[PDB]
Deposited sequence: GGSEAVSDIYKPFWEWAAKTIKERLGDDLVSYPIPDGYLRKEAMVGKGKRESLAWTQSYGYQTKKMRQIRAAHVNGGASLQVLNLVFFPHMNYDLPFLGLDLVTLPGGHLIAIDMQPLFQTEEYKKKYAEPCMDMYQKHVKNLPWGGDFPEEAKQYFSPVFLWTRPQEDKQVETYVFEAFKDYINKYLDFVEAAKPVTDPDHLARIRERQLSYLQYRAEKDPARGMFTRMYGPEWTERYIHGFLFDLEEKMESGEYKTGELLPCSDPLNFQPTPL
């Protein structure tokens, strides 16, 4: 089977991020010791990528490769909390038991107004892709509040379906999301900002505590590295807020040159 089936996914996302965000794009600080992590399982490695703009607090990816039986691309766009933009969540998981694919613009709110603003303009795109990406099935209850009407949840059973149908939805959702980002305007109403902050923290807290990545990273690299990776990078909002680092709509200082390729 394809050993690194998400390498073409990442390469496309990197090219698109770089082109469409241009000079607004700067590196996001990747904590030392979490850029590249390797352990024997064959050699299995985790490669980190991180970026930010004045609208995107954090665009970060974990690309895990431990052979065909263990592949993950976890790519999430986190808006700054002075925007009501949804998250863009792209979880692509390949395990011995098959493929797991979760692609969504995870919403801050489930109101009629929010759905009209962000979900309804995506419905043709959703219906185009869901025809070849059937519903994946049973789904944890607590997570339901964090998914939109255009959630693509599917379990492809052949590599080819990932390389074709999933890849095309992957691209379309990223391009549509960045269209939203381009057009988004800041929120200045303090009441709305307070609610945006609450919903962002709720989502971040759920995934930091409940994401199945915790269990897998723990087996691979142990508990101490895993918790630092999860709370310190993958879902780091609460830490950055509590430490006084996060400032609404402001970039975190980082002088690292932009990187889009594996770092040995």
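Missing from the model, by position in the deposited sequence, are residues 1 to 4, 46 to 51, 275.
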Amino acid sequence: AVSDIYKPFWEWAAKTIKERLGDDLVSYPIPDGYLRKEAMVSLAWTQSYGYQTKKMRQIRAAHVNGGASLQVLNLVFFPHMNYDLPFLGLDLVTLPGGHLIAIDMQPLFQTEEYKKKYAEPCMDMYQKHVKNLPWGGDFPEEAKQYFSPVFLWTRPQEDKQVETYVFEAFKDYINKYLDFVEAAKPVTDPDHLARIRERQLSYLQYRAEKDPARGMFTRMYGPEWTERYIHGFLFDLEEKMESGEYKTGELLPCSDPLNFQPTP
From here on, numbers count along this sequence of modelled residues.
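Higher mean CA temperature factor between 140 to 148 and 167 to 175: 140 to 148, per the PDB entry. The PDB entry reports B-factors from which the mean C-alpha value can be compared for 52 to 60 and 29 to 37; the larger average falls on 29 to 37. By the numbers in the PDB entry, the CA B factor is greatest at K185 among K185, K117, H129, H80. Of the residues listed, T154, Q110, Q106, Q157, the entry assigns the biggest Cα temperature factor to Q157.
Remark: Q161 belongs to the highest third of its chain, ranked by C-alpha B-factor as recorded.
Ranked by Cα temperature factor within the chain, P134 sits in the highest third according to the deposited record.
Among the modelled residues of its chain, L234 has a C-alpha B-factor that falls in the lowest third, as given in the PDB entry. For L201, the recorded CA B-factor ranks within the lowest third of the chain. Only modelled residues enter the ranking. The PDB entry assigns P86 a C-alpha temperature factor belonging to the lowest third of its chain's modelled residues.
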